[PDB]
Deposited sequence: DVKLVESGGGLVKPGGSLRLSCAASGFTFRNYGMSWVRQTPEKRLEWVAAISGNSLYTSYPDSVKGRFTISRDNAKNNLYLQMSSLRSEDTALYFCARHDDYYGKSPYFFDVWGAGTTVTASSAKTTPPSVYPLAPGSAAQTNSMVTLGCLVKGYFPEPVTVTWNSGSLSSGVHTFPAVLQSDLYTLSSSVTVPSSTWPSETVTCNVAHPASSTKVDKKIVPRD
C-alpha cells in the first residue's frame, strides 16, 4: 500500500506563514522526485514545486518563487512546503505527488489565506410551510448560515439517517459561507419519529444539533 498523507493545512491571514507536511510510505522515499500541486476552489490544478529524490534540485513556477520553499527529510519519509507572505490567490487544496508525471497523489490538505474572521454558523431548521401536505414523502431541511472558514459537516440523526439527503455546496456571500441540506423521509415517519440535523464547524469548535419540529 503506497501512501502519501498531507497535513498542516489551516487558515492564515494574508502575509502569514504555514508549513505543510507529506508523509510517505510503501516505497523508498529518497528514490523519487516529489511535487506539490494545488487545486483551487474553481478546481484548476496548478503545479507548485518539485524536488529531486536526493533533495539537491528544486523548481518553482514564477508565481510562487521566493514565497514557497519545498524540502524533504528522507530519513523521516516527509516532504514539506513552507509557505510565506500568503495571499488569497494561494487558497487551495494542496496535494503531495510523486514523480514516475505524478503516479501517486495524496488526499490533499486545505490552505485558506483570508483576512475574514473565524465565525460559527447559525443553524436554522426547515420544517414544511405550516400547511399539512401531502404525498408519500416529506422534505425537511437545515440552513447553515454565516460561518467561516470552510468546512462544515452536516449529518442527519447522527449519521443513522443517510439515505435521501442532499447537502449542497456552500456559497460565499461577502466573507461568509451559507449551506443548506435536505432530507426526504416517508411522510408517515415525521413528526412521529425525530429528525435532527447535526452541524459541526471544527474551525470554531462548535457543534449544533437542531431537531426539526412542525411549525405553528
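Only residue range 101-108 of the deposited sequence, counted from 1, carries no C-alpha coordinates in the model.
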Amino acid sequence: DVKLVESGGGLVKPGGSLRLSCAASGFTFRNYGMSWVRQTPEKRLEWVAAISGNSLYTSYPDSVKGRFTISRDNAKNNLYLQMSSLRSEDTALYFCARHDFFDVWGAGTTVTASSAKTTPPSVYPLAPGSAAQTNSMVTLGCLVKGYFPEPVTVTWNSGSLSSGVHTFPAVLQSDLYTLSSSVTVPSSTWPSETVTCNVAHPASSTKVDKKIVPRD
From here on, numbers count along this sequence of modelled residues.
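Mean CA B-factor, 80-88 versus 126-134: the higher value falls on 126-134. For residue 164, the recorded CA temperature factor ranks within the highest third of the chain's modelled residues. In the deposited entry, the Cα temperature factor of residue 176 places it in the highest third of its chain's modelled residues. Residue-level temperature factors show residue 149 in the middle third of its chain, judged at the C-alpha atom. In the PDB entry, a CA B factor belonging to the highest third of its chain's modelled residues is recorded for residue 142.
Per-chain ranking of the deposited C-alpha B factor places residue 99 in the highest third.
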